[PDB]
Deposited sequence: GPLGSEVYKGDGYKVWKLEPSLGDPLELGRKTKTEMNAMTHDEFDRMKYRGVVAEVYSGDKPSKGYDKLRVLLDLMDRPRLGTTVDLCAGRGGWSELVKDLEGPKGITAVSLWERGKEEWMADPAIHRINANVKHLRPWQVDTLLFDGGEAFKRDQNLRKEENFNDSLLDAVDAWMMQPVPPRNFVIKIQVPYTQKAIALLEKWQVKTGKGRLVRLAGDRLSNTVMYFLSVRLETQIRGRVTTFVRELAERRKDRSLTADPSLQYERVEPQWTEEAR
């Protein structure tokens, strides 16, 4: 019998993403343009307190997908209100966490968690057991597409320094807000070479109004370009399905 292996246990939690043919940047820009043109009706129909934020439960699902590793010294980059840091603190205590964010957003997590008020694009890395990053922003419709792409590429370039240091993080959870840019795909491929690990996932039930994926330190899953292509094609189809009659 399959036994306990049944519970971990991928089927329910993330999209199946086998690689397919196509240009992910062209397809991503196409579906973003279509979404920008949607009516209130269309857009609304598919755009759809215990914790410091809704991020706590999200990180719990991701860490379970990773077989619940021991976290050790952890940096939480772009910590915001602290949902991810609070999860780490509940798991292992406050001592091993450093939270980095621009609080200029107020901290809703344990005040015992060490915090650094800094731009993650300026802060230089240090050696950690676990690297967490939940930065990234979806832009509103009125703006040009390349602006959103460049903003999120810049954040990813900040994470790159943490990943490429001489002793990289053993565990990592990296939010990829815009995964179909040339830079995002090149960065993910590079981190797979550096670490020998890493799989890009789309979480089931994430909002269709965004293009968010998560890069997780589970076993290597390669062909990232084709899997992003599959993701953006399927996303455009599910946006169409939801926005319609």
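Within the chain's deposited sequence, the coordinate-free stretches run 1, 50-58, 115-117, 259-277 in sequence order.
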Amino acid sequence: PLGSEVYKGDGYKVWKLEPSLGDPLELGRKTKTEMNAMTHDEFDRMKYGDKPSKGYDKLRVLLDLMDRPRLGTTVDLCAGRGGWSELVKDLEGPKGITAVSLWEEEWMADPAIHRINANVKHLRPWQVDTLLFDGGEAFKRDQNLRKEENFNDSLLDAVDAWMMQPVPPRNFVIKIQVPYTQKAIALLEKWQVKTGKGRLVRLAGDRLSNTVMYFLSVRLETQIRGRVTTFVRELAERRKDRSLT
From here on, numbers count along this sequence of modelled residues.
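In none of the other PDB entries of this protein that model the residues around it does residue 160 lack coordinates, well short of a third. Modelling of residue 48 is missing from a third or more of the other compared entries in which both of its neighbours are modelled.
In this entry, the higher average B-factor at the C-alpha atoms falls on 140-148, of the pair 72-80 and 140-148. Taking the mean C-alpha B-factor of each stretch as recorded, 156-164 and 107-115 are not equal, and the higher mean is that of 107-115.
The entry lists C-alpha B-factors for 178, 208, 38, 186, and the highest of these is at 38. Among 102, 99, 88, 173, the highest C-alpha B-factor in the deposited entry belongs to 102.
Among all modelled residues in this chain, the alpha-carbon of residue 48 has a temperature factor (C-alpha) in the highest third.
Sorting the modelled residues of the chain by their CA temperature factor places residue 135 in the middle third.
Compared with the other modelled residues of the chain, the Cα B-factor recorded for residue 232 ranks in the lowest third. In the deposited entry, the Cα temperature factor of residue 120 places it in the lowest third of its chain's modelled residues. Per-chain ranking of the deposited C-alpha B factor places residue 54 in the highest third.
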